[PDB]
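Next up is one chain by itself, shown in structure tokens, the form deposited without the partner chain.
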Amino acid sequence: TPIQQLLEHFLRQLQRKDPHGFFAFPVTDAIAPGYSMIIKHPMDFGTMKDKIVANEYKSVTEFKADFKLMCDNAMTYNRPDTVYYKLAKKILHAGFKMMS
């Protein structure tokens, strides 16, 4: 569908900004201790892709909200001086601008 095509385009462009794949897959507690205790609504680019394919996004607004959730989670869990926090903040702002 038109929406699925646009969201696939946005997702490709957003993922290009995360070359290490820090946000490619759900965060594991092994990698990030206590993550599942701290973050109630996890999100990641892979989950977003699956939601596109399942036709679960009915508006760009819904997709943007999941992107923001992913970034907000990273800025809640990781301390500001970490690579993960800095990239989440950078890609949140740049990603919203790109989609506009």
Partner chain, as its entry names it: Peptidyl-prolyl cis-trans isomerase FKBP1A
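Residue numbers count along the first chain shown, from 1. Take the two forms, find the largest set of C-alpha atoms that superpose within 1.5 Å, and that set is the rigid core.
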- Of the two stretches 27 to 35 and 67 to 75, CA positions deviate more in 9 other deposited structures of this protein after rigid core alignment for 27 to 35
- So 19 to 27 or 73 to 81, which one's hotter by mean CA B-factor in the entry? 73 to 81
- Query: Of 64 to 72 and 47 to 55, which one has the bigger average CA B-factor?
  - Reply: 47 to 55
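Although not depicted, the form solved in complex with the partner chain is the subject of the following passage.
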- Is there any non-hydrogen atom of residue 69 lying within 4.5 Å of the partner chain in the deposited complex? no
- Message: Please determine whether residue 65 contacts the partner chain in the deposited complex, using a 4.5 Å cut-off between heavy atoms.
- Response: no
- Query: Which residues in 47 to 79 have a heavy atom within 4.5 Å of the partner chain in the deposited complex?
  - Reply: 75, 76, 77, 78, 79
